[PDB]
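show me the folded form of this:
(2 chains, ligands or ions: 2)
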Amino acid sequence: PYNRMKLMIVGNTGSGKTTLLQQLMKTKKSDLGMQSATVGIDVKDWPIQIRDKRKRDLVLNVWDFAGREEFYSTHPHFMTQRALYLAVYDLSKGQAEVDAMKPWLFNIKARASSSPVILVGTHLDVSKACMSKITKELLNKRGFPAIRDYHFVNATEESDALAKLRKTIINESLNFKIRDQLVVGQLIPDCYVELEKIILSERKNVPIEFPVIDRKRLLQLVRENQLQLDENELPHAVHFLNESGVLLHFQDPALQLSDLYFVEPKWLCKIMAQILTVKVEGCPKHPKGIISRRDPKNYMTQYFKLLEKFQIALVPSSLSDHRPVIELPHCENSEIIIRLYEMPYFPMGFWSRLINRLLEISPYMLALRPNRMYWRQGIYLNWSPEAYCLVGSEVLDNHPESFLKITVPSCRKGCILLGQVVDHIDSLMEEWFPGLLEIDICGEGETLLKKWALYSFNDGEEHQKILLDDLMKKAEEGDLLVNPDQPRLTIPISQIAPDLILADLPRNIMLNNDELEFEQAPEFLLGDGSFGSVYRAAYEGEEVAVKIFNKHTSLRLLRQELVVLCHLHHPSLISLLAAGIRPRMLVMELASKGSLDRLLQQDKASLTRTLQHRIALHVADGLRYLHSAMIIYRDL
Amino acid sequence: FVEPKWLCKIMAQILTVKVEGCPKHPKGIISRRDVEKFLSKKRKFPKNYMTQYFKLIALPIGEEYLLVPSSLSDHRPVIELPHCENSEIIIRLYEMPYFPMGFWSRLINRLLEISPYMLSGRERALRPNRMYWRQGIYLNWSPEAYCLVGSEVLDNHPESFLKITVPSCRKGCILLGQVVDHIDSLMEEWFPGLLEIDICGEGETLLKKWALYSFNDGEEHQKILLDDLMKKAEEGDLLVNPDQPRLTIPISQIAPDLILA
Ligand SMILES: Nc1ncnc2c1ncn2[C@@H]1O[C@H](COP(=O)(O)OP(=O)(O)OP(=O)(O)O)[C@@H](O)[C@H]1O
Ligand SMILES: Nc1nc2c(ncn2[C@@H]2O[C@H](COP(=O)(O)OP(=O)(O)O)[C@@H](O)[C@H]2O)c(=O)[nH]1
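Numbers count the residues shown, from 1 in each chain, chains lettered A, B, ... in the order given. Ligands and ions are numbered 1, 2, ... in the order given. Let me share the structure:
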């Protein structure tokens, strides 16, 4: 059995975070009479030898996150889904700080959507006990994560309330049980436990200034002991240990640090927050937010290399919260495509990653350089009055949510930019915050995020753009135009959302449904292959092979495949001819003789002993072109 | 005006309109509805006169919103540029002891004419992008034609500067010439004291105009005040490095306006 969880503490800018934990841990000393606000996340671990019939002496680690808003950019890295979350009221300012909790709870829901949260009042000596009303009214079960219990400990001193809170923590930890698994008492191989023991023992035998450990040292320690791990067991073992928080290791190939292992996580977390606290009150030659290389044994390079790897370097935090007024050339309600991403709150590490994803993409419309101005919530990378992209962030009147208004020109060069930024935002959103884009069939189908598109029938002077949900607009794919209740006038789909229709791709891949005849229902035209999804049809008067896609392939994935398939164009590689919707198909050249495997299986005599050379030459040419295109075929 | 207090405090009130909730306006943009609702007394015709007496404060934008160049954000945005090589940008500094009162709002108002290429109606127009702020302006026709006229502060210098950056191209030279001509007109009409030739200063004025150059790309910019480049262009057309008389840079790229380039 494995008995180890994470008890993360959550709250804002000064509350019972480092004070509550002391009596929760029953730390008697409390030598620091006046302690400062937390820098980093302050990892600590404390075992609970439960004095009852059950003897599961579980040891769990607390990560009491810093509450100041300047460290908020790095917190979502350490928000795992295998943990129990706390919250702190600061009941001194009752009925007000409960509202201040809502961004934190929303972030917890976005990151760890299936973990219980326990709310804890941290003031009784001062004041205002009506906060439990609002917690029972709007904060209970309205989009927020699954609240389990709420407490009102005095925090300054031990008491019956604190004991009840500790028992509640014990009960909720021992009854975690995500999707009926009972994590707190699951079963793992003993090799993992032994590796954890040796790692936490070696934690005390590393240099303080640099506890980073190379993979060679880990292979040394596995050799010194009698572990039964091989090269094929470490990639899962260290990942499981990382999920338990014993040591942080990163498996992203793009960020070239997977060789290093970060034992003693508190050191790494504290170093991550050192740059965010240094300032200069001198001459403001540089705008607020930008910074260059300014001040040990070769560690200086590794520092900002790690910051760049984490994308904390230009410091996206403390970066010019006020935006300068921007006056676009064409804003006559018809030359601009606008899309909105209405969400209840902005997730913590959203903008610092977003303005760090579109930033590095210089080869747009492909290498020329774009002008750019960065603020805490925008990019606005613009090339010319006819080619730009403004990814802003405003609040609508009489609207408590947060919006992400992307404004792009509607011309040829704007469709590409809109589809390329929408794809990046969607990928970020589904990769970092899966709890937001999560369907909710139970209850109303809110999904928390409503992606709107703005459209106006009148060619300018409409004075207002009508909203339209992107899913409802997507279901309107039967035709090619949208129209109101008064159908005398209509708007093409391409002008208001050129990403749903395959418009951001090069126009030489138009479906051209008028001249295409194709019978999907019969199977005698499926003869290409055997029980496949490819059919035979005729397009432009020529015999071709179409590839009908099932419901599995999403539109975004298909577009991401087509954008790289369209630019290949070699005479030894099957070249695309068209693609389109109704249904999601793909037309390509028809190989008259079919694949080579069937011929080898049944027509072994057809090869005239010199075709065996021509096939090899053509395949070699194809492989040469593919490797010249810096793409690896991987399955031939 | 029989009551000066009323006029002064009306100007003050228009300069201090604030709305809760962080509305869709970046700092320095006000809407007529907001200003009418902000003043507790919702007058009918005096509101029209107040919006019409701003011939002094609040320029009209789109007949529904007002720009207030004296209340714009004073935080210089983190702004990059297409070109960043020393041989691809022309930089002209205007060193001053201090910024006169109303200088940075007069410069913006003057720089809101849009015809540096259309030549005052010879062509139709060419609308650029703009990034107004209290101490600067950015105009962008293309990644090859742009202008950034903004204040700058240098290390260990108690003065204030007006660094103008343009691309080192033909359109960059056109923009530099137009901007320099307009700024010289503004300095001549509204702030003659900075251009005043002090006899006690012996040919020295509060304004000093520098051109930044670099013989080799990557090195630090060196300053030469224009009153020497005028004579050096009277003699020849090239600037020569005194240490190495082979690194020669034309005056067609350090200051094209001197030689009518
Ligand atoms: N353009 C074409 N002309 C002729 N035959 C083709 C063409 N494209 C594919 N085929 C053949 O039709 C069949 C299609 O195989 P396909 O690539 O769809 O297989 P798969 O990806 O493993 O299967 P699936 O996607 O259905 O799970 C194969 O036998 C292939 O050789
Ligand atoms: N009077 C009083 N002060 C408290 C109480 N709980 C916490 N504090 C104060 O809050 C501080 C804790 O700081 P903390 O929130 O952990 O720092 P942060 O995590 O970086 O925001 C301590 O210095 C305490 O003085 C309480 O119940 N009563």
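
point to the residue nearest the middle of the chain.
Because you didn't say which chain, this covers chain A. Residue closest to the mean C-alpha point of chain A, counted by CA atoms, centre = their mean, is residue A:432 at 2.0 Å.

nope, chain B
In chain B, the C-alpha nearest the mean C-alpha coordinate belongs to residue B:149, at 4.3 Å (CA atoms, centre = their mean).

contacting residues around that residue?
B:107, B:111, B:136, B:137, B:138, B:162, B:164, B:179, B:183 (CB atoms under 8 Å, 6 or more residues apart in numbering or on different chains). (C-beta placed from N, C-alpha, C; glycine too.)

which two among these are spaced furthest apart?
B:138 and B:183 (15.5 Å; CB to CB).

show me which of the two is the more surrounded one.
Counted by other CB atoms under 10 Å in any protein chain shown, residue B:138 and residue B:183 do not tie: residue B:138 has more neighbours, with 23 against 19.

torsion angles phi and psi at that one?
Backbone dihedrals for residue B:138, given as degrees, to the nearest 10, come out at phi -130, psi 130.

residue contacts, it?
A:371, A:373, B:79, B:129, B:130, B:131, B:146, B:147, B:148, B:149, B:150.

out of these, the closest to ligand 2 would be?
Nearest to ligand 2 among these: residue A:373, at 32.2 Å, using CB to the nearest ligand atom.

please tell me how far the closest one sits from residue A:418.
Going from residue A:373 to residue A:418 by CB to CB, to the nearest Å gives 20 Å.

how about the helices of the stretch 101-250 of chain B, start to end?
In the stretch 101-250 of chain B, the segments counted as helices under DSSP state H, counting those that start in this stretch are B:103-110, B:170-189, B:192-195, B:226-235.

closest one to chain A among those?
Each of those has some distance to chain A by CB to the nearest CB; the shortest is helix B:103-110, at 10.9 Å.

contact partners of the lengthiest helix in chain A?
If you go by DSSP state H, chain A has its longest helix at helix A:412-432. For helix A:412-432, the external contacting residues (CB under 8 Å, 6+ apart) are A:76, A:337, A:339, A:341, A:347, A:349-350, A:353-354, A:357-358, A:361, A:364-365, A:383, A:386-389, A:391, A:404, A:406, A:408, A:436-437, A:449, A:494, A:498-499, A:503-504, A:556, A:559-560.

now intersect the residues you listed with the strands, please.
Among those, the members falling in strands (DSSP state E) are A:337, A:339, A:341, A:383, A:387, A:388, A:389, A:391, A:406, A:408.

just name the closest of the residues you listed to ligand 2, please.
Among those, and counting by CB to the nearest ligand atom, the member closest to ligand 2 is residue A:341, at 30.5 Å.

from residue A:582, how far out is residue A:478?
Distance from residue A:478 to residue A:582, by CB to CB: 8 Å.

let me redo that: residue B:31
45 Å.

and those two? Which one has more around it.
residue B:31 (17 against 11).

and the more buried one, what are its phi and psi?
Here residue B:31 shows phi and psi, under degrees, to the nearest 10, equal to phi -110, psi 150.

same question, residue B:25
phi -110, psi 130.

hmm, back to that, just the buried ones from the contacts of residue B:138, in PyMOL syntax?
Typed into PyMOL, the line below selects the buried ones among the contacts of residue B:138, using 16 or more other CB atoms under 10 Å in any protein chain shown:
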select buried, (chain A and resi 371+373) or (chain B and resi 79+129+130+131+146+147+148+149+150)
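
among the contacts of residue B:138, which are in strands?
A:373, B:79, B:129, B:130, B:146, B:147, B:148, B:149, B:150.

a markdown table for the residues you listed, including distance to ligand 2?
Below are these laid out as a markdown table (distance: CB to the nearest ligand atom, whole Å):
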| residue | distance to ligand 2 |
| --- | --- |
| A:373 | 32 |
| B:79 | 33 |
| B:129 | 42 |
| B:130 | 41 |
| B:146 | 44 |
| B:147 | 46 |
| B:148 | 40 |
| B:149 | 43 |
| B:150 | 38 |
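
quick check, nearest of the contacts of residue B:138 to residue B:44?
Using CB to CB, residue B:130 comes nearest to residue B:44 of these, at 34.2 Å.

look at residue 241 and say how many residues are nearby.
In the absence of a named chain, chain A is used. When neighbours are counted by other CB under 10 Å, residue A:241 comes out with 20.

please refer instead to chain B.
Residue B:241: 13 neighbours (other CB under 10 Å).

wait, what's in contact with the residue nearest to it when sequence neighbours are not counted?
The shortest distance from residue B:241 to any residue other than its chain neighbours is 4.2 Å, reached at residue B:247 (CB to CB, 6 or more residues apart in numbering or on different chains). Applying CB under 8 Å, 6+ apart to residue B:247 gives the contacts B:215, B:216, B:240, B:241.

which one of those residues has the most neighbours?
Of the contacts of residue B:247, with other CB under 10 Å as the count, residue B:215 tops at 17 neighbours.

and that one, what is it in contact with?
Listed by CB under 8 Å, 6+ apart, the contact set of residue B:215 reads B:241, B:247, B:249.

between these, which is nearest residue A:168?
Looking across these and measuring by CB to CB, the closest to residue A:168 is residue B:249, at 75.9 Å.

hmm, back to that, are any of the contacts of helix A:412-432 buried, and which?
Buried members of those, scored by 16+ other CB under 10 Å, are A:76, A:337, A:339, A:341, A:347, A:349-350, A:353-354, A:358, A:364, A:383, A:387-389, A:391, A:404, A:406, A:408, A:436, A:449, A:494, A:498-499, A:503-504, A:559.
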